[PDB]
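> Dropping a structure here in structure tokens format, bear with me for questions.
Note that each Cβ is placed from the backbone with ideal geometry, even for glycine, and that neighbours are counted across all protein chains shown. Just so it is clear, none of the values below were taken in a lab; they were calculated from the coordinates.
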Amino acid sequence: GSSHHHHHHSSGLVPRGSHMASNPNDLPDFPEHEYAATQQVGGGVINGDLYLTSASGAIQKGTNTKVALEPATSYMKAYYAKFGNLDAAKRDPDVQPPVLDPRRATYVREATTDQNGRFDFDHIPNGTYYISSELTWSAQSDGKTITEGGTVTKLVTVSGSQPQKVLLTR
């Protein structure tokens, strides 16, 4: 069996790589160097209560929901502006996102809210962070099923070395 064929899977030039020290993220206009800038053993005790209030006044906290506390870098200047807070009513599954920085996966501290819908942190440096949480609920209003919520990312600056009570509802 000679088999005159092409690539069984097109992977371009080479999977997992870059140009020449230059990263291929190409998302932010400004240098995203700030990933390796946010370093400091801190004592910022964060006490966050997670709940987005519906227009009805109904409080949806966030059951089995992952609260990701990640640093607000120059990289996220472009990312947050594109998506950031996007309602599920416009949750497009066709628009492809760019290659996100893998270093974020190291900095992303996840607080999965069990049932109480509240999370706490300890030993965190000061600065400006994004709390990313995809919380959405689809309920019926009058008769038609609407889908409220979506990707809620909250801009939270941590300047409190003492128990910092924070509410994520917007």
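> Could you work out how much longer the chain between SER159 and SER22 gets when fully extended? Use 0.36 nm per residue separation minus the Cα distance between them, nm to one decimal. Before the final figure, lay out each step's value.
Details: separation 137, 0.36 × 137 = 49.32 nm, distance 3.30 nm.
Gain on extension, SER159 to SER22, equals 46.0 nm.
> Quick check for you: which residues of segment 63-91 have the amide N under 17 Å from the point 7 Å beyond the Cα of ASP114 toward its beta carbon?
63-67
> How much length would be gained if the chain were fully extended between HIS6 and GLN39, taking 0.36 nm per residue of separation minus their Cα-Cα distance, in nm to one decimal?
So the chain would gain 7.2 nm between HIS6 and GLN39.
> Classify segment 59-124 from the C-alpha gyration tensor, please: rounded if a/c falls under 1.5, else prolate or oblate depending on whether a/b exceeds b/c.
Cα axes put segment 59-124 in the oblate bin.
> Can I ask one more? Give me the extension gain from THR106 to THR63: residue separation times 0.36 nm, minus the current Cα-Cα distance, reported in nm with one decimal.
In short, 13.1 nm is gained.
> Could you tell me what percent of the DSSP beta bridges with both partners in the chain are antiparallel, to the nearest 5?
DSSP beta bridges in the chain are roughly 85 percent antiparallel.
> Once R0 is set to 30 Å, what does the formula 1/(1 + (r/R0)^6) return for the Cβ-Cβ distance between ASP29 and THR169, expressed as a FRET efficiency to the nearest 0.05?
So the FRET efficiency works out to roughly 0.45.
> Post the alpha-carbon centroid distance, segment 16-52 to segment 54-104, in whole angstrom.
Here the two parts' Cα centres lie 15 Å apart.
> Further, regarding this structure: Given the alpha-carbon gyration tensor of the chain, what are the semi-axes of its equivalent ellipsoid in whole angstrom, ordered largest first, with each equal to the square root of 5 times an eigenvalue?
Values: eigenvalues 222, 134, 39 Å².
Each semi-axis is the square root of five times an eigenvalue, giving 33, 26, 14 Å.
> Using only the Cα atoms of segment 95-152, build the gyration tensor, take square roots of its eigenvalues as a ≥ b ≥ c, and label the shape rounded, prolate or oblate: rounded if a/c is under 1.5, else prolate if a/b is larger than b/c, else oblate.
On the way: a/c = 3.20, a/b = 1.56, b/c = 2.05.
Oblate is the answer for segment 95-152, as a/c is 1.5 or above yet b/c matches or exceeds a/b.
> Ranked highest first by average number of other Cβ atoms within 10 Å, how do 68-77, 125-134, 36-45, 6-15 line up? Walk me through the intermediate numbers first.
Values: 68-77: 20.1, 125-134: 18.5, 36-45: 12.0, 6-15: 6.5.
Ranking the peptides 68-77, 125-134, 36-45, 6-15 by packing returns 68-77, 125-134, 36-45, 6-15.
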